[PDB]
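run_30.cif (mmCIF, C-alpha atoms and all ligand atoms) appears below.
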```
data_target
#
loop_
_atom_site.label_atom_id
_atom_site.label_comp_id
_atom_site.auth_asym_id
_atom_site.auth_seq_id
_atom_site.Cartn_x
_atom_site.Cartn_y
_atom_site.Cartn_z
CA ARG A 13 -7.65 37.35 10.39
CA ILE A 14 -4.00 36.08 10.36
CA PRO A 15 -0.68 37.98 10.98
CA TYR A 16 2.12 38.67 8.50
CA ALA A 17 4.68 35.79 8.88
CA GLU A 18 1.68 33.50 9.33
CA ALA A 19 0.31 34.36 5.89
CA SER A 20 3.65 35.25 4.33
CA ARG A 21 5.07 31.78 5.05
CA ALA A 22 2.14 29.93 3.61
CA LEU A 23 2.55 32.08 0.55
CA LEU A 24 6.26 31.17 0.14
CA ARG A 25 5.37 27.52 0.65
CA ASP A 26 2.50 27.33 -1.74
CA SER A 27 4.65 29.38 -4.08
CA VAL A 28 7.47 26.78 -4.31
CA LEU A 29 5.40 23.62 -4.32
CA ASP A 30 3.53 25.36 -7.08
CA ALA A 31 6.81 25.91 -8.92
CA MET A 32 7.66 22.25 -8.48
CA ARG A 33 4.22 21.15 -9.75
CA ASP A 34 5.41 23.22 -12.70
CA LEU A 35 9.04 22.10 -13.40
CA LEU A 36 7.94 18.46 -12.90
CA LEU A 37 5.29 18.96 -15.49
CA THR A 38 7.70 18.88 -18.46
CA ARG A 39 10.75 17.29 -16.85
CA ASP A 40 11.34 14.52 -14.30
CA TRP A 41 11.81 14.69 -10.61
CA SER A 42 15.36 13.37 -10.84
CA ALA A 43 16.11 16.09 -13.42
CA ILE A 44 14.94 18.86 -10.96
CA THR A 45 16.76 20.69 -8.09
CA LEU A 46 16.51 23.03 -5.18
CA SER A 47 18.42 25.25 -7.54
CA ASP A 48 16.33 24.55 -10.62
CA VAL A 49 13.28 24.98 -8.38
CA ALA A 50 14.44 28.08 -6.57
CA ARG A 51 15.06 29.68 -9.95
CA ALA A 52 11.56 28.84 -11.10
CA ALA A 53 9.78 30.25 -8.07
CA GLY A 54 11.97 33.33 -7.90
CA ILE A 55 13.47 32.84 -4.46
CA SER A 56 17.04 32.15 -3.40
CA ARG A 57 18.42 28.66 -2.78
CA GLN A 58 19.01 29.58 0.82
CA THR A 59 15.30 30.33 1.32
CA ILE A 60 13.93 26.96 0.19
CA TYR A 61 16.49 25.32 2.52
CA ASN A 62 15.16 27.38 5.40
CA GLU A 63 11.57 26.83 4.69
CA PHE A 64 11.75 23.14 3.63
CA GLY A 65 15.30 22.24 4.57
CA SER A 66 16.40 20.02 1.70
CA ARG A 67 15.54 18.42 -1.55
CA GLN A 68 13.98 15.71 0.62
CA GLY A 69 11.96 18.22 2.66
CA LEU A 70 10.53 19.75 -0.48
CA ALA A 71 9.59 16.35 -1.74
CA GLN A 72 7.71 15.15 1.29
CA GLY A 73 6.54 18.74 1.54
CA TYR A 74 5.10 18.27 -1.95
CA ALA A 75 3.44 15.05 -0.81
CA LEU A 76 1.73 16.17 2.40
CA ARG A 77 0.20 19.21 0.70
CA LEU A 78 -1.05 16.80 -2.01
CA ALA A 79 -2.51 14.51 0.62
CA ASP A 80 -4.41 17.40 2.12
CA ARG A 81 -5.78 18.50 -1.25
CA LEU A 82 -6.85 14.96 -1.95
CA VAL A 83 -8.68 14.14 1.28
CA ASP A 84 -10.47 17.49 0.81
CA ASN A 85 -11.99 16.66 -2.58
CA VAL A 86 -13.89 14.13 -0.59
CA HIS A 87 -16.23 16.69 1.13
CA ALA A 88 -17.07 17.63 -2.42
CA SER A 89 -18.96 14.48 -3.40
CA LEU A 90 -20.04 13.96 0.24
CA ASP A 91 -22.12 17.14 -0.16
CA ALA A 92 -22.92 16.02 -3.72
CA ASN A 93 -25.09 12.97 -2.85
CA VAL A 94 -26.53 13.20 0.62
CA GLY A 95 -28.26 10.37 2.47
CA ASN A 96 -26.91 7.87 -0.02
CA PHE A 97 -23.75 6.13 1.13
CA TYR A 98 -22.95 4.15 -1.96
CA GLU A 99 -23.27 6.97 -4.46
CA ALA A 100 -21.27 9.29 -2.17
CA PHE A 101 -18.40 6.86 -1.75
CA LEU A 102 -18.54 5.89 -5.41
CA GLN A 103 -17.94 9.48 -6.58
CA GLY A 104 -15.45 10.03 -3.78
CA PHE A 105 -13.34 7.19 -5.07
CA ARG A 106 -14.03 7.90 -8.72
CA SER A 107 -12.48 11.31 -8.04
CA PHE A 108 -9.48 10.16 -6.00
CA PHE A 109 -8.43 7.91 -8.90
CA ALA A 110 -8.94 10.67 -11.40
CA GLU A 111 -6.99 13.23 -9.41
CA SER A 112 -4.03 11.31 -7.92
CA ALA A 113 -3.07 9.90 -11.35
CA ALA A 114 -2.90 13.31 -13.03
CA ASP A 115 -0.47 14.71 -10.48
CA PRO A 116 3.09 15.33 -11.77
CA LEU A 117 4.82 13.62 -8.84
CA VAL A 118 2.61 10.56 -9.11
CA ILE A 119 3.20 10.47 -12.90
CA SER A 120 6.88 11.13 -12.31
CA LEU A 121 7.17 8.24 -9.81
CA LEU A 122 5.14 5.87 -11.97
CA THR A 123 6.51 6.31 -15.48
CA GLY A 124 9.85 8.00 -14.71
CA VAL A 125 13.03 6.14 -13.84
CA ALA A 126 13.93 4.35 -10.58
CA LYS A 127 13.85 7.06 -7.91
CA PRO A 128 15.28 5.83 -4.57
CA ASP A 129 13.94 8.77 -2.60
CA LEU A 130 10.45 9.02 -4.03
CA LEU A 131 10.36 5.29 -3.12
CA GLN A 132 11.83 5.80 0.31
CA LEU A 133 9.07 8.36 0.88
CA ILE A 134 6.13 6.08 0.08
CA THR A 135 7.66 3.42 2.17
CA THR A 136 10.26 3.57 4.85
CA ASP A 137 9.24 6.94 6.27
CA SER A 138 5.55 7.41 5.47
CA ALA A 139 5.06 8.16 9.13
CA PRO A 140 4.13 11.77 8.15
CA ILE A 141 1.89 11.40 4.96
CA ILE A 142 -0.01 8.57 6.62
CA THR A 143 -0.41 9.94 10.20
CA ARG A 144 -1.50 13.22 8.69
CA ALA A 145 -3.89 12.33 5.87
CA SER A 146 -5.71 10.13 8.35
CA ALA A 147 -6.80 12.64 10.98
CA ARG A 148 -7.46 14.98 8.11
CA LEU A 149 -9.75 12.36 6.42
CA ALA A 150 -11.44 11.20 9.56
CA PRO A 151 -13.77 14.28 9.92
CA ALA A 152 -15.34 13.66 6.52
CA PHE A 153 -16.95 10.69 8.21
CA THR A 154 -17.23 12.00 11.75
CA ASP A 155 -18.41 15.60 11.48
CA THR A 156 -20.51 15.42 8.38
CA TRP A 157 -23.83 14.02 7.16
CA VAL A 158 -22.39 10.50 7.24
CA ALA A 159 -22.76 9.73 10.93
CA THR A 160 -19.86 7.74 12.10
CA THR A 161 -18.84 7.40 15.66
CA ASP A 162 -15.34 8.50 16.41
CA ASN A 163 -13.35 5.31 16.89
CA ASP A 164 -15.15 3.51 14.13
CA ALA A 165 -14.33 6.54 11.92
CA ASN A 166 -10.65 6.48 12.57
CA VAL A 167 -10.49 2.78 11.90
CA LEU A 168 -12.28 3.45 8.55
CA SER A 169 -10.40 6.52 7.33
CA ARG A 170 -7.12 5.17 8.67
CA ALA A 171 -7.58 2.19 6.38
CA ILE A 172 -8.87 4.24 3.41
CA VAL A 173 -5.65 6.20 3.59
CA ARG A 174 -3.46 3.06 3.41
CA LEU A 175 -5.44 1.78 0.42
CA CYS A 176 -5.15 4.98 -1.64
CA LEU A 177 -1.52 5.19 -0.84
CA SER A 178 -1.29 1.68 -2.44
CA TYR A 179 -3.43 2.47 -5.50
CA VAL A 180 -1.15 5.47 -6.08
CA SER A 181 2.00 3.44 -6.53
CA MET A 182 0.17 0.44 -8.03
CA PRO A 183 -2.81 1.87 -10.07
CA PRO A 184 -6.17 0.08 -10.62
CA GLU A 185 -6.51 -2.12 -13.75
CA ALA A 186 -8.89 -0.79 -16.44
CA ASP A 187 -10.17 -4.35 -16.91
CA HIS A 188 -12.31 -3.98 -13.74
CA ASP A 189 -13.61 -0.81 -11.99
CA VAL A 190 -12.00 -0.35 -8.54
CA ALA A 191 -13.86 2.67 -7.23
CA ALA A 192 -16.95 0.49 -7.18
CA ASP A 193 -15.63 -2.57 -5.23
CA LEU A 194 -14.26 -0.14 -2.67
CA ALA A 195 -17.53 1.75 -2.31
CA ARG A 196 -19.40 -1.55 -1.92
CA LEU A 197 -16.78 -2.59 0.62
CA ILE A 198 -17.07 0.41 3.02
CA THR A 199 -20.86 1.05 2.78
CA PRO A 200 -21.65 -2.00 4.95
CA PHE A 201 -19.12 -0.41 7.34
CA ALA A 202 -20.84 2.98 7.13
CA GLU A 203 -24.32 1.94 8.06
CA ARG A 204 -23.56 -0.40 10.92
CA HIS A 205 -21.31 2.15 12.60
CA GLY A 206 -23.06 5.57 12.29
CA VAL A 207 -25.12 7.40 14.91
CA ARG B 13 1.36 -37.84 -11.90
CA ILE B 14 4.11 -35.14 -11.84
CA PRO B 15 5.84 -35.04 -15.27
CA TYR B 16 9.44 -35.48 -14.14
CA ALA B 17 11.39 -32.43 -15.29
CA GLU B 18 8.46 -30.35 -14.04
CA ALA B 19 8.29 -31.40 -10.35
CA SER B 20 12.12 -31.25 -10.32
CA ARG B 21 12.27 -27.47 -10.92
CA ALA B 22 9.49 -26.95 -8.46
CA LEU B 23 11.85 -28.86 -6.19
CA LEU B 24 14.59 -26.72 -7.62
CA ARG B 25 12.98 -23.39 -6.60
CA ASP B 26 12.30 -24.33 -3.00
CA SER B 27 15.89 -25.43 -2.86
CA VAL B 28 17.30 -21.94 -3.51
CA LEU B 29 14.85 -19.85 -1.49
CA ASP B 30 15.33 -22.13 1.50
CA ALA B 31 18.99 -21.30 1.06
CA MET B 32 18.36 -17.56 1.40
CA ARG B 33 15.62 -17.96 4.08
CA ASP B 34 18.54 -19.57 5.90
CA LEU B 35 21.16 -17.06 4.61
CA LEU B 36 19.40 -13.85 5.74
CA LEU B 37 19.53 -15.28 9.26
CA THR B 38 23.24 -14.50 9.43
CA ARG B 39 23.35 -11.69 6.80
CA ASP B 40 21.23 -9.06 5.05
CA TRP B 41 19.81 -9.10 1.54
CA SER B 42 22.47 -6.59 0.44
CA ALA B 43 25.33 -9.15 0.90
CA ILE B 44 23.62 -11.89 -1.12
CA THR B 45 24.41 -12.57 -4.88
CA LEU B 46 23.00 -15.30 -7.07
CA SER B 47 26.45 -16.82 -6.78
CA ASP B 48 26.29 -15.90 -3.11
CA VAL B 49 23.46 -18.44 -2.50
CA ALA B 50 23.97 -20.86 -5.43
CA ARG B 51 26.88 -21.91 -3.22
CA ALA B 52 25.05 -22.79 0.07
CA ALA B 53 22.01 -23.94 -1.92
CA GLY B 54 24.39 -26.42 -3.51
CA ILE B 55 24.04 -25.64 -7.25
CA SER B 56 26.16 -24.12 -10.07
CA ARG B 57 26.15 -20.45 -10.93
CA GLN B 58 25.01 -20.64 -14.57
CA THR B 59 22.09 -22.92 -13.65
CA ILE B 60 20.38 -20.62 -11.06
CA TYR B 61 20.33 -17.50 -13.23
CA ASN B 62 18.64 -19.62 -15.88
CA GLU B 63 15.61 -19.97 -13.54
CA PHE B 64 15.49 -16.49 -11.93
CA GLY B 65 18.25 -14.39 -13.44
CA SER B 66 18.31 -11.22 -11.44
CA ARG B 67 19.04 -10.69 -7.85
CA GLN B 68 15.55 -9.20 -8.11
CA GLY B 69 14.27 -12.21 -9.99
CA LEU B 70 15.10 -14.47 -7.03
CA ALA B 71 13.85 -11.82 -4.63
CA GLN B 72 10.59 -11.29 -6.56
CA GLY B 73 10.30 -15.06 -6.41
CA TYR B 74 10.81 -15.54 -2.70
CA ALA B 75 7.95 -13.02 -2.51
CA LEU B 76 5.19 -14.82 -4.38
CA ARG B 77 6.05 -17.83 -2.19
CA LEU B 78 5.61 -15.84 1.02
CA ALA B 79 2.44 -14.47 -0.50
CA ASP B 80 1.33 -18.07 -0.55
CA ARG B 81 2.66 -19.51 2.74
CA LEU B 82 0.68 -16.59 4.12
CA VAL B 83 -2.42 -16.61 2.01
CA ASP B 84 -2.81 -20.28 2.95
CA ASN B 85 -3.27 -20.09 6.68
CA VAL B 86 -6.49 -18.34 5.80
CA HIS B 87 -8.68 -21.32 4.79
CA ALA B 88 -7.01 -22.88 7.78
CA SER B 89 -8.08 -20.31 10.44
CA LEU B 90 -11.17 -19.23 8.55
CA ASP B 91 -12.42 -22.80 9.21
CA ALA B 92 -11.09 -23.06 12.77
CA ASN B 93 -13.68 -20.35 13.60
CA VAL B 94 -16.87 -21.53 11.85
CA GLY B 95 -19.86 -19.24 12.27
CA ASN B 96 -18.26 -16.08 13.77
CA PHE B 97 -16.75 -13.61 11.28
CA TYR B 98 -14.95 -11.25 13.52
CA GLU B 99 -13.14 -13.98 15.46
CA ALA B 100 -12.28 -15.70 12.16
CA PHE B 101 -10.99 -12.71 10.24
CA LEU B 102 -9.06 -11.50 13.34
CA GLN B 103 -7.15 -14.66 14.23
CA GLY B 104 -6.52 -15.08 10.52
CA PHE B 105 -4.90 -11.65 10.41
CA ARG B 106 -3.05 -11.93 13.71
CA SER B 107 -1.03 -14.81 12.18
CA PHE B 108 -0.34 -12.90 8.96
CA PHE B 109 1.27 -10.16 11.10
CA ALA B 110 3.30 -12.16 13.61
CA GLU B 111 4.36 -14.40 10.68
CA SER B 112 5.29 -11.64 8.23
CA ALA B 113 7.40 -10.08 10.96
CA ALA B 114 9.17 -13.34 11.67
CA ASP B 115 10.33 -14.01 8.10
CA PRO B 116 14.02 -13.02 7.57
CA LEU B 117 13.65 -11.37 4.13
CA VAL B 118 11.21 -8.95 5.71
CA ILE B 119 13.48 -8.47 8.72
CA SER B 120 15.83 -7.48 5.90
CA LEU B 121 13.34 -4.98 4.41
CA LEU B 122 12.86 -3.52 7.84
CA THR B 123 16.10 -3.19 9.84
CA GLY B 124 18.36 -3.74 6.84
CA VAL B 125 19.92 -0.71 5.20
CA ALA B 126 18.27 0.83 2.20
CA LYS B 127 17.06 -1.60 -0.41
CA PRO B 128 15.61 0.55 -3.24
CA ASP B 129 15.30 -2.78 -5.01
CA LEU B 130 12.87 -4.28 -2.42
CA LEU B 131 10.82 -1.11 -2.20
CA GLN B 132 10.24 -1.44 -5.96
CA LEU B 133 8.65 -4.84 -5.41
CA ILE B 134 6.18 -4.09 -2.63
CA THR B 135 4.91 -0.80 -4.20
CA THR B 136 5.09 0.26 -7.89
CA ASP B 137 6.24 -3.07 -9.18
CA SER B 138 4.19 -5.07 -6.65
CA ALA B 139 1.80 -5.68 -9.54
CA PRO B 140 2.42 -9.44 -9.81
CA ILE B 141 2.57 -10.12 -5.96
CA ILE B 142 -0.84 -8.56 -5.35
CA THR B 143 -2.33 -9.84 -8.53
CA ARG B 144 -1.56 -13.52 -7.61
CA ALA B 145 -2.32 -13.48 -3.88
CA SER B 146 -5.56 -11.81 -4.85
CA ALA B 147 -7.29 -14.74 -6.59
CA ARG B 148 -5.40 -17.18 -4.44
CA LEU B 149 -7.24 -15.73 -1.39
CA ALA B 150 -10.54 -15.33 -3.29
CA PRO B 151 -11.82 -19.00 -2.83
CA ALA B 152 -11.15 -18.97 0.91
CA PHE B 153 -14.33 -16.89 1.19
CA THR B 154 -16.09 -18.58 -1.70
CA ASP B 155 -15.54 -22.25 -0.87
CA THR B 156 -15.56 -21.88 2.87
CA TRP B 157 -18.29 -21.51 5.45
CA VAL B 158 -18.57 -17.82 4.75
CA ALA B 159 -20.54 -18.41 1.64
CA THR B 160 -19.59 -15.50 -0.42
CA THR B 161 -21.02 -14.70 -3.79
CA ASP B 162 -18.26 -15.11 -6.39
CA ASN B 163 -17.56 -11.48 -7.37
CA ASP B 164 -17.68 -10.29 -3.72
CA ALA B 165 -14.79 -12.62 -3.01
CA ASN B 166 -12.48 -10.53 -5.16
CA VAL B 167 -14.11 -7.23 -4.08
CA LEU B 168 -13.10 -8.53 -0.67
CA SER B 169 -9.82 -10.03 -1.64
CA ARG B 170 -8.26 -7.45 -3.97
CA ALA B 171 -8.65 -5.30 -0.89
CA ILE B 172 -7.36 -7.54 1.89
CA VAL B 173 -4.09 -8.18 0.09
CA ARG B 174 -3.33 -4.47 -0.78
CA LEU B 175 -3.95 -3.41 2.80
CA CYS B 176 -1.69 -6.22 4.02
CA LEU B 177 1.18 -5.53 1.66
CA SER B 178 1.15 -2.06 3.16
CA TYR B 179 2.25 -3.01 6.62
CA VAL B 180 5.25 -4.48 4.94
CA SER B 181 5.98 -1.52 2.63
CA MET B 182 4.97 1.03 5.28
CA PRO B 183 5.53 -0.03 8.92
CA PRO B 184 2.87 0.81 11.56
CA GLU B 185 3.62 4.28 12.88
CA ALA B 186 1.65 4.18 16.10
CA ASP B 187 0.98 1.37 18.48
CA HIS B 188 -2.72 0.83 17.80
CA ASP B 189 -3.06 -2.83 16.89
CA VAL B 190 -3.60 -3.29 13.22
CA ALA B 191 -4.99 -6.84 13.01
CA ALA B 192 -7.70 -5.75 15.36
CA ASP B 193 -8.65 -2.73 13.30
CA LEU B 194 -8.37 -4.64 10.02
CA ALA B 195 -10.77 -7.43 11.17
CA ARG B 196 -13.15 -4.59 12.09
CA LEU B 197 -13.58 -3.03 8.68
CA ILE B 198 -14.46 -6.15 6.63
CA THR B 199 -16.68 -7.85 9.23
CA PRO B 200 -19.74 -5.67 8.54
CA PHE B 201 -19.22 -6.26 4.83
CA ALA B 202 -19.28 -10.03 5.28
CA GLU B 203 -22.34 -10.02 7.62
CA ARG B 204 -24.43 -8.37 4.93
CA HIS B 205 -22.79 -9.97 1.78
CA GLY B 206 -22.12 -13.57 3.00
CA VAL B 207 -24.84 -16.12 2.08
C1 LIG C 301 4.09 10.47 -3.38
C2 LIG C 301 2.59 10.38 -3.54
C3 LIG C 301 1.65 11.05 -2.55
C4 LIG C 301 0.32 10.40 -2.27
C5 LIG C 301 -0.66 10.95 -1.28
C6 LIG C 301 -1.95 10.21 -1.10
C7 LIG C 301 -2.83 10.53 0.05
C8 LIG C 301 -4.02 9.63 0.21
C9 LIG C 301 -5.28 10.23 0.74
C10 LIG C 301 -6.55 9.47 0.74
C11 LIG C 301 -7.73 10.16 0.14
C12 LIG C 301 -9.07 9.53 0.33
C13 LIG C 301 -10.09 9.80 -0.72
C14 LIG C 301 -11.28 8.91 -0.77
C15 LIG C 301 -12.60 9.52 -0.41
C16 LIG C 301 -13.85 8.65 -0.28
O1 LIG C 301 -14.15 8.06 0.82
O2 LIG C 301 -14.62 8.51 -1.27
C1 LIG C 302 8.82 -8.70 1.19
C2 LIG C 302 7.53 -8.88 0.43
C3 LIG C 302 6.43 -9.75 1.01
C4 LIG C 302 5.02 -9.67 0.45
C5 LIG C 302 3.85 -10.13 1.29
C6 LIG C 302 2.49 -10.14 0.67
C7 LIG C 302 1.35 -10.51 1.56
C8 LIG C 302 -0.01 -10.87 1.04
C9 LIG C 302 -0.99 -11.16 2.14
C10 LIG C 302 -2.23 -12.02 2.04
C11 LIG C 302 -2.71 -12.60 3.34
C12 LIG C 302 -4.12 -12.38 3.79
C13 LIG C 302 -4.48 -12.72 5.22
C14 LIG C 302 -5.93 -13.00 5.58
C15 LIG C 302 -6.30 -13.47 6.97
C16 LIG C 302 -7.78 -13.56 7.36
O1 LIG C 302 -8.68 -12.87 6.77
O2 LIG C 302 -8.16 -14.33 8.31
#
```

Represent the structure of the file as structure tokens.
Ligand SMILES: CCCCCCCCCCCCCCCC(=O)O
Ligand SMILES: CCCCCCCCCCCCCCCC(=O)O
Amino acid sequence: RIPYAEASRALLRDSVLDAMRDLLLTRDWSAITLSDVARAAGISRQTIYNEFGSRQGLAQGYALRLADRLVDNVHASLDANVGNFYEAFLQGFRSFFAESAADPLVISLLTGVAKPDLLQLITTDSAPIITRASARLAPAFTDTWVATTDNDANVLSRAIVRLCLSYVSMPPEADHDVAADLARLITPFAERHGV
Amino acid sequence: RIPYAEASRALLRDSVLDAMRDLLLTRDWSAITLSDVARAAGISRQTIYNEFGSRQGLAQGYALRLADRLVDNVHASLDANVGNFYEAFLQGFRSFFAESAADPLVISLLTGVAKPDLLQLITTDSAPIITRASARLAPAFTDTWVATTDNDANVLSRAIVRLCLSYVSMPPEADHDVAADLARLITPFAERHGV
């Protein structure tokens, strides 16, 4: 199916940002390096710098790949409850709050101490994680059993990205159940705008 | 009936922040102290830090104000549009954008170098900003001509403030017009759930 470098890169890559998901799991993202990371994945320094390019590049690199994995859990519950827009979107959001919170970088941004660059990533240059997780999300609405026309379905997903990105930094309050409001908020969007 | 010492501090606050709103016109929020403003605001050092106390006390403060200058042209343009939700919601939002962008503390967030302080406020530590401007905006839909069942005003509002904060924290990446698209998503909610 796919050539050597093509599948040998994506091995290296998922092999680091797996190592990172591992170092980060007992220690905190300020306490971790290219070097501490390289060591843990069993590569050189000079390789992570070529593949990612920096400690920054790894970081965002961590993020993007998380974004992907997160918008993809959606097709899960979309297939789960078919023909029912509320119960689909309920479980889709129930999940996304479950998952995003349990991630080591999330947890290490939230409870860990005052990271400038984690912060700079979720703000000043989010151009990548946002642009990307949008077009990736959009097809859950456009291609699948939830009819949505195309431009209506960018507008929707493009907003659902910017929300989740907010609820990641600033997590829903256990007083009231957020997944639900949000479901009830987009369903009225869903039905008007399908084909 | 404003118990004296009370309405005097309220007068006190707007005294300082109107100093900085004026200060950040010639400078950027990096070059401002307490004792940087307490001078052109016309008060003593010790006195100001007794009300706020941090640079990021008086910054967090300027923020809940701007939350409110901005959450309050809602009821205003919500009612200038009576009967048509999309025109209402739109024009309401268009102001919130061309306003937000005009404020000097935000022009500090944006073109100003690197404030890892500010980015703490609009994201992880945004918790009070959102939480206030949330119920503050709630009534606009409850007590106005969009007669919105009480819960659905927060289900609406908890959402419209998060999504707004996030053009401040994370600047629009492409040129598609965001007030437009934002109007678009909540309209079909309101049509069904208004009363
Ligand atoms: C540094 C932190 C990284 C955060 C990355 C977050 C990416 C957000 C993606 C949005 C996922 C949308 C899931 C909701 C699915 C549904 O409609 O039910
Ligand atoms: C530097 C920090 C600033 C923080 C700004 C917080 C903004 C909160 C926004 C609430 C305004 C909602 C606008 C509604 C308009 C409408 O529906 O017609």

- Message: Residues within 7 Å of residue 98 of chain A, please, as a PyMOL selection string. Count only C-alpha atoms; anything in the same chain fewer than 6 positions from it doesn't count.
- Response: chain A and resi 195-196+199

- Item | Which of B:71, B:142, B:24, B:46 sits closest to chain A [using all atoms listed in the file] |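 For chain A, the nearest of the given residues is B:142.
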
- Task: Work out how far apart atom CA of residue 181 of chain A and atom CA of residue 118 of chain A are and give it in Å to one decimal.
- Result: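 Spanning atom CA of residue 181 of chain A to atom CA of residue 118 of chain A is a straight-line distance of 7.6 Å.
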
Chain A residues near chain B (6 Å cut-off, all atoms listed in the file) as a PDB file with C-alpha atoms, keeping the file's coordinate frame:
```pdb
ATOM      1  CA  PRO A 128      15.280   5.830  -4.570  1.00  0.00           C
ATOM      2  CA  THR A 135       7.660   3.420   2.170  1.00  0.00           C
ATOM      3  CA  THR A 136      10.260   3.570   4.850  1.00  0.00           C
ATOM      4  CA  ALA A 139       5.060   8.160   9.130  1.00  0.00           C
ATOM      5  CA  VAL A 167     -10.490   2.780  11.900  1.00  0.00           C
ATOM      6  CA  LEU A 175      -5.440   1.780   0.420  1.00  0.00           C
ATOM      7  CA  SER A 181       2.000   3.440  -6.530  1.00  0.00           C
ATOM      8  CA  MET A 182       0.170   0.440  -8.030  1.00  0.00           C
ATOM      9  CA  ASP A 193     -15.630  -2.570  -5.230  1.00  0.00           C
ATOM     10  CA  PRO A 200     -21.650  -2.000   4.950  1.00  0.00           C
ATOM     11  CA  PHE A 201     -19.120  -0.410   7.340  1.00  0.00           C
TER      12      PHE A 201
END
```

- Task: Kindly indicate which residue among B:38, B:123, B:161, B:103 lies nearest to ligand LIG 302 (chain C), using all atoms listed in the file for the distances.
- Result: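 Among the listed residues, B:103 lies closest to ligand LIG 302 (chain C).
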
Taking all atoms of ligand LIG 302 (chain C) that the file lists, what box with edges along x, y and z, padded by 8 Å per side, do you get, with centre and edge lengths in Å to one decimal, as JSON?
```
{"center_x": 0.1, "center_y": -11.5, "center_z": 4.4, "size_x": 33.5, "size_y": 21.6, "size_z": 23.9}
```

- For atom CA of residue 37 of chain B and atom CA of residue 111 of chain B, quote the distance in Å rounded to one decimal. 15.3 Å

- Query: What residues have any atom no more than 6 Å from ligand LIG 301 (chain C) when counting all atoms listed in the file, and can you list them as a ChimeraX atom specification?
  - Reply: /A:75,78-79,82-83,86,101,104-105,108,118,134,145,173,176-177

- Quick one: distance from atom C12 of ligand LIG 302 (chain C) to atom CA of residue 158 of chain B in Å, one decimal?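 One can read the atom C12 of ligand LIG 302 (chain C) to atom CA of residue 158 of chain B distance as 15.5 Å.
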
- Out of B:18, B:115, B:63, B:34, which residue has the shortest atom-to-atom distance to ligand LIG 302 (chain C) when counting only C-alpha atoms and all ligand atoms?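 Looking only at the distances to ligand LIG 302 (chain C), the closest residue turns out to be B:115.
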
- Query: Pick the closest to ligand LIG 302 (chain C) from B:33, B:13, B:39, B:57: which is it, counting all atoms listed in the file?
  - Reply: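 Ranked by minimum distance to ligand LIG 302 (chain C), first place goes to B:33.
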
- Using only C-alpha atoms and all ligand atoms, find the one residue out of B:189, B:153, B:124, B:90 that sits nearest to ligand LIG 302 (chain C).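 Of B:189, B:153, B:124, B:90, the one nearest ligand LIG 302 (chain C) is B:90, counting only C-alpha atoms and all ligand atoms.
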
- Which is closest to ligand LIG 302 (chain C) among B:96, B:42, B:89, B:143, if we use all atoms listed in the file?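 Smallest separation from ligand LIG 302 (chain C) among the options: B:89.
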